[PDB]
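Notes follow the structure.
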Amino acid sequence: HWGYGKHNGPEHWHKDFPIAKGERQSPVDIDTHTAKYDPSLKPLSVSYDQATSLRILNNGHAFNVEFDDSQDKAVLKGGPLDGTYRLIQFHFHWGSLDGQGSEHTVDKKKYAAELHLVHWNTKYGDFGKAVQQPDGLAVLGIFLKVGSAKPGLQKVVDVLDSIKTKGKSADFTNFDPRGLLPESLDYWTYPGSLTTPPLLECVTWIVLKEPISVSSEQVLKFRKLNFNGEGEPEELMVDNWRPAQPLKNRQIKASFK
Ligand SMILES: NS(=O)(=O)c1c(F)c(F)c(S(=O)(=O)CCO)c(NCc2ccccc2)c1F
Ligand SMILES: [Zn+2]
């Protein structure tokens, strides 16, 4: 039932998923002036050299690039984390217009899109068990602005027309997610949730301060996808973002400045 519309969008979610009005929901606005610098936060360690992508999938809400997470191949550690967290999939959130699309905001500024690289804590042995734990996921969030093309993104954009509608999927091997990272790993970090149902409160969010630039033609290709399945009426996959939620009793920490 849930989705992104007038009748089943974010403002409706709490009827099926009451944790939508919980104590540590995401995303949030990052108020850069009131983020606390923590000189004890460590550099983020992103070890993606052995990554193995498998498939790309239109799930009706976004597209996911899935990875083999059956060994320690692509891992996030360090930063604010105590564990080792395995990459399972990345996906994006984007807008109908370049002026919106991100889930997190920075001093109320929306970006055109937001990449989420989803990782699960290896102490829990698999993703489905990890989402049931308060320290089960680490999601690395990267803002996209429209400008110059991101060449490392183009392999993703070029396959989208094969997964146009809900439930479609395609082989997607040898994709290197290092091509999607900005130069700096400076980040903000806070405890939150999945930003789609089931909205579980299992995520340590790590949001990079520096956005990547993508071209207008790259983001236009994301907006040609469909939320509907093949042979159902066309509804463009745009505006699949959840807006900022109340910060409540949380402090956002900065690794920098
Ligand atoms: N946008 S998010 O990064 O905060 C997010 C969600 F909001 C979310 F609900 C999910 S969920 O659908 O998997 C939770 C269901 O137990 C994932 N996880 C991505 C994923 C999806 C399918 C298979 C593997 C990973 C997820 F990454
Ligand atoms: Zn997401």
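The count begins at 1 with the first shown residue.
From the backbone N, Cα and C atoms, a Cβ is placed for every residue, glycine too.
These come from Swiss-Prot:
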| type | residues | note |
| --- | --- | --- |
| ACT_SITE | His61 | active site, proton donor/acceptor |
| BINDING | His91, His93, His116 | Zn(2+) binding site |
| MOD_RES | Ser162 | phosphoserine |
| MOD_RES | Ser169 | phosphoserine |
| BINDING | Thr195, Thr196 | substrate binding site |
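Considering only the binding-site residues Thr195, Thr196, the Cβ with the fewest other Cβ atoms within 10 Å is that of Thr196. Shown in sequence order, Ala62, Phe90, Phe92, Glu103, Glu114, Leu115, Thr195 are the same-chain residues outside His91, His93, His116 whose Cβ sits within 8 Å of the Cβ centre of the Zn(2+) site. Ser162 (phosphoserine) sits 19 Å from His93 (Zn(2+) binding site), taking the CA atoms of both as reference points. Cβ crowding, taken as the number of other Cβ atoms within 10 Å, peaks at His116 among the recorded positions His61, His91, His116. Distance noted between the C-alpha atoms of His61 (active site, proton donor/acceptor) and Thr196 (substrate binding site) is 9 Å.
Ranked by how many other Cβ atoms sit within 10 Å of their Cβ, the modified residues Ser162, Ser169 place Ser162 at the bottom.
In the three-state DSSP reading, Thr196 (substrate binding site) counts as coil. Rounded to a whole value, the Cα-Cα separation of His116 (Zn(2+) binding site) and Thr195 (substrate binding site) is 10 Å.
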